[PDB]
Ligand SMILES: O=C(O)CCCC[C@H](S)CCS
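In structure tokens, one chain follows: the form solved without this ligand.
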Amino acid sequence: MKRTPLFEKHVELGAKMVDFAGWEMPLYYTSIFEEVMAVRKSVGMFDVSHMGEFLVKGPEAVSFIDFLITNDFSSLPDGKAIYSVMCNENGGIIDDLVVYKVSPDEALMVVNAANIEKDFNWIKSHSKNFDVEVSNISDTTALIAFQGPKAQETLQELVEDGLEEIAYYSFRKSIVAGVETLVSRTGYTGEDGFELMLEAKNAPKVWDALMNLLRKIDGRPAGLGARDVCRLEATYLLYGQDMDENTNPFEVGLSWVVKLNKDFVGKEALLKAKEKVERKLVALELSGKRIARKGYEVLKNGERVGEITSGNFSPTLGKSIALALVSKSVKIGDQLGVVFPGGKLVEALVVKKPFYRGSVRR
């Protein structure tokens, strides 16, 4: 498996490893529940260096990104980031990501681990008519997510500039524990928090410095297990599970990141699509302690209406929760059925999204 520059720290911390997207990563250190609670109560530090970072440099950096992503990057001002999706010619979703508008001549794209290759190949094969140079800097870049309601007050004493001045989905180059670091007020938890992008070689010392602070305010380093529970609770999508090239943004509740008034790949296909939105992604709350897995059929009074995309147990709500891609006719309040292995039916209630929202801003 692949190992991030923090692998050794995770091993010395006694974490249980799991194979995620080809990477040897920590599922949890102590326990998934405990780590989710650190995120929900104080702060949870995540090693997310398995994700990829692409660099776009050149006079037409803005318009290139604007051509590739569904969201409006052309209007973003320096130091602003934007969550978006990338579609193919048919409106299918290649990946979801975050792009940073450093300046008119430079942007940073951060994508999902399992899609680094596919994304980079797709991005590079579309640079031809743009005055830009695209490069993958993943191999030497690390990324750390410091999430939690106490994240800011805790991280601050190691950062040279005022964190308070960084607005939600905004970033700024700064020094953290003595090293050049891009600090953005972003996250995948639904709580307030930050993401620290830095040179892989400096990851160990930044992580060690931060760990010293965590023990002091009762925080915890957190694994992918907690990362998955927190994002599902926050109701953020997971590419490959809740969406893929066989779903368009409209079917998975991401219409808001699609601006049809500008030009981009998949635009024409999306115009037609939005006129016929037949599927939707709904939030379910199941009876029992069993966890639904992707692919389980979802029924309504005996008739199939879709399938599970993501499942997990929410300690915050104390319920088995899940996301499901179902027919347009499914409504909030419906009593559905999830078929578990062996035809075992499990009741589920369609509830309003998102399941939970913490201290995350804006």
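Residue numbers run from 1 along the displayed sequence.
As for the form deposited with this ligand bound, it is not shown, yet the points below apply to it.
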Please classify the binding site as open or blocked after superposing this ligand from its position in the deposited complex; blocked means at least 3 ligand atoms come within 2.4 Å of backbone or C-beta atoms of this form. open
Among the candidate residues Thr247, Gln152, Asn112, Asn136, which is the single one with a non-hydrogen atom no more than 4.5 Å from this ligand in the deposited complex? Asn112
Could you work out which of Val62, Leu336, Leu27, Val326 is the residue within 4.5 angstroms of this ligand in the deposited complex, going by heavy atoms? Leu27
This ligand in the deposited complex: contacting segment from 210 to 218, 230 to 238, 269 to 277, 120 to 128, heavy atom within 4.5 Å: 230 to 238
At 4.5 angstroms, heavy atoms only, are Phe20, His50 and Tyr188 all close to this ligand in the deposited complex? yes
Interface membership of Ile94, this ligand in the deposited complex, 4.5 Å heavy atom rule: no
Does this ligand come within 4.5 Å of any heavy atom of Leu286 in the deposited complex? no
Please tell me whether any heavy atom belonging to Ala203 falls inside 4.5 Å of a heavy atom of this ligand, as the geometry stands in the deposited complex. no
Report whether the minimum heavy atom distance between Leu224 and this ligand in the deposited complex is within 4.5 Å. yes
